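Engineer: this one's experimental. Sequence and coordinates below.
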Amino acid sequence: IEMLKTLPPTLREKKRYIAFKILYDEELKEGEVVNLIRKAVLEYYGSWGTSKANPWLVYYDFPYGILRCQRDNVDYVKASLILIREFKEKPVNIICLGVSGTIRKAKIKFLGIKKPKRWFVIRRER
Amino acid sequence: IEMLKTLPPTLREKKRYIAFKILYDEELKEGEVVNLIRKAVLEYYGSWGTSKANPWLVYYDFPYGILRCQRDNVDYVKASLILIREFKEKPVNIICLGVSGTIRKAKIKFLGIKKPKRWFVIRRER
Amino acid sequence: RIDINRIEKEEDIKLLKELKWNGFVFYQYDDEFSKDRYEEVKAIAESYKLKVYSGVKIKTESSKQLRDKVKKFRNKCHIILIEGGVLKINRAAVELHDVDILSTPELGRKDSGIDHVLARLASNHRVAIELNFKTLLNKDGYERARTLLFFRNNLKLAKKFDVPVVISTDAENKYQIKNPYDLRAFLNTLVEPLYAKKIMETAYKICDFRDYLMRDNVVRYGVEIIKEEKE
Amino acid sequence: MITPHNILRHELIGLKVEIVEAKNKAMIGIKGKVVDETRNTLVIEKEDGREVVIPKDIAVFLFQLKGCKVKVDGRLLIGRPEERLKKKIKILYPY
RNA sequence: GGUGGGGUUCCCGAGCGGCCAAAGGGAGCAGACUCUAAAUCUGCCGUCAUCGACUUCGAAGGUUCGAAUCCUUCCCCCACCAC
């Protein structure tokens, strides 16, 4: 088996979760969102900043979305979100709602109302 | 006439001059050097770092070259010089010789022997 | 300032000496090593002005039968490297406490470089982490991002536990090699310049220790001099 | 016979010794024999006549054998000589 | 955050405080056997590789006439838990 232990929280990367929206009347696949956010995070950070602020999209079902960040550099990720201009025929709009430390709290502040827990049940049932 | 005064040296940008070489048996035009160093300086800096460290090539006649930099971030420009990997059929090699504050001193330390002054004569004769 | 690369021609190494480099390591990534290659290493090292230390390398074999055979092939050469993304061989490689430097946690794994238990066991057994750079020059953009994220994670896990780190380019050709000031400025760009100097200091001291160990009659750091009772 | 390899387990008492490097500046330059030995300590009687108490882990020792002169750390000589001849394996990395 | 446990040879696994006591099995090498090979048996079995002797029972300290074993500490590896 290939298993890696999670680092202790004094040594692990301090993270934040940015909740945002990709506003347009057009539609997107989540892989297109990952591709555009990788191109933009390169275009604003280089190798140095992308090693610095740790970008990874975690959720995109609706035009809303949730992405993970380092704690000291959420303003850098937001400035990376501003400089979207064009994707191959058209722009997309990226508009941030807020930022929190978890999904249950950022889900209820701007995104929705209830607090879901799906990772536990897909780990224990499957 | 369109003229802009040079900023006073307490307020102007503190600059350094990196002398380097583009080692290959192949040949390059200086515009190709400017294009590759712009693509690489984007790919390592983004908009933020390219506003930060001020890249501009000033000289390329031989495979040696001279480029201008900000003073606090010459290590960032060098790390931008390392990550050259490929240009459309082939790499180019970028190898730094040194860094100084002017052309007459960086020209004699690694590049050549004598100290030329060409800007003054092309300004006063032409 | 010590590099780790393979030898192809003499002009490349003559260009290496003319810049800053005082010595380097010849890299044998194969299972067929003989004295002819090492004599050619001697000839090219005595060609202009240099000293080269040769090593051997293994990849993708068994768990601890490989450990015994690796010790048996290591008893002929100076230093050694074991590369592999498998954690199972990595535990034994940091457990056997005789490998000098360790590489490849990022491209065979693509999940995370060093585990916390792995870093604590490396602190007890004193094995060093070697950071390659040819992996940076044969990837794409987000691959560079994930790879340097892994290197910054491993840099923290080596800084907090005082794990020795050796930087190298892991070169393969004439032009894959880069400058030592470049690598120092890049490790300055990542976290700190003092740790960047400490990496080069450790890279010199580990080869100095292996040379001082295999040079004379030295067993568990015991120096024996003139008028020996040696059998 | 006393061998430079098994000097990690041979008895140190009854052998002339001088130390060459130590962190204590006045410790450097002594010459004498070994009389008493505890876990990280030698009691050395000088030729001049002064008994000195030398800790092992801070210095390196040069033991004078029958003709030989062997340089061994006292970090390798950690432990009482009873436990040292029982079995003590010490691996030192001066990085 | 919690309970019941395990770490011994290259891999799976036993072992009264005591003569490598270290059951072992599979593996490697060699012998034997066969036209060749499989299976069975024999010795080395980690080393010298004929008897025999020494080292390793996760690591350190301590008890003892003497530690895989008894005590303490440091660790890791299992199993299962949100409802």
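Structural biologist: Yep, it's here. Residues are numbered from 1 along each chain as shown, chains lettered A, B, ... in the order given.

Engineer: count the neighbours of the closest residue to residue C:132 other than its chain neighbours for me.
Structural biologist: Nearest residue to residue C:132, sequence neighbours excluded (Cβ to Cβ, 6 or more residues apart in numbering or on different chains): residue C:170, at 3.8 Å. Yep, even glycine has a C-beta here, placed from its N, CA and C like the rest. Other residues near residue C:170 number 25, with proximity taken as other Cβ atoms under 10 Å in any protein chain shown.

Engineer: in chain D, which residue sits closest to chain A?
Structural biologist: Closest approach between chain D and chain A, counting by Cβ to the nearest Cβ: residue D:95, at 22.6 Å.

Engineer: just checking, that residue touches residue C:207?
Structural biologist: No. The pair residue D:95 / residue C:207 is not scored as a contact, 11.7 Å apart, by Cβ atoms under 8 Å.

Engineer: compare those two (neighbour count), which wins?
Structural biologist: The neighbour comparison of residue D:95 against residue C:207 (other Cβ under 10 Å) goes to residue C:207, with 22 against 12.

Engineer: next, that one: phi, psi?
Structural biologist: Backbone torsions for residue C:207, taken as degrees, to the nearest 10, come to phi -70, psi -30.

Engineer: I figured it hits residue C:25, correct?
Structural biologist: Yes. Using Cβ under 8 Å as the test, residue C:207 is close enough to residue C:25 to be in contact (7.4 Å).

Engineer: quick check: neighbours shared by those two?
Structural biologist: Residues touching both residue C:207 and residue C:25 (Cβ atoms under 8 Å, 6 or more residues apart in numbering or on different chains): C:2, C:53, C:79.

Engineer: show me the contacts for the nearest residue in space to residue A:100 that is not next to it in sequence.
Structural biologist: Nearest residue to residue A:100, sequence neighbours excluded (Cβ to Cβ, 6+ apart): residue A:106, at 3.8 Å. Going by Cβ under 8 Å, 6+ apart, residue A:106 touches A:17, A:19, A:66, A:98-100.

Engineer: quick check on the residues you listed: which are buried?
Structural biologist: With burial judged by 16 or more other Cβ atoms under 10 Å in any protein chain shown, the buried subset of the contacts of residue A:106 is A:17, A:19, A:66, A:99-100.

Engineer: residues in contact with the residue sitting nearest the centre point of chain C?
Structural biologist: Closest to where the C-alpha atoms of chain C average out (Cα atoms, centre = their mean) is residue C:101, at 4.5 Å. Residue C:101 makes contact with C:79, C:81, C:127-130, C:166, C:206, according to Cβ under 8 Å, 6+ apart.

Engineer: any idea how far chain A is from the nearest residue to it once chain neighbours are set aside?
Structural biologist: Excluding its sequence neighbours, the residue lying closest to residue C:101 (Cβ to Cβ, 6+ apart) is residue C:130, at 3.9 Å. Distance of residue C:130 to chain A, given as Cβ to the nearest Cβ, to the nearest Å: 19 Å.

Engineer: what is whichever strand or helix holds residue C:130 packed up against?
Structural biologist: Per DSSP states H and E, residue C:130 falls inside strand C:128-131. Packing partners of strand C:128-131 (3 or more Cβ pairs under 8 Å, 6 or more residues apart in numbering or on different chains; DSSP states H and E): strand C:101-103, helix C:141-159, strand C:165-167.

Engineer: perfect, that will be all.
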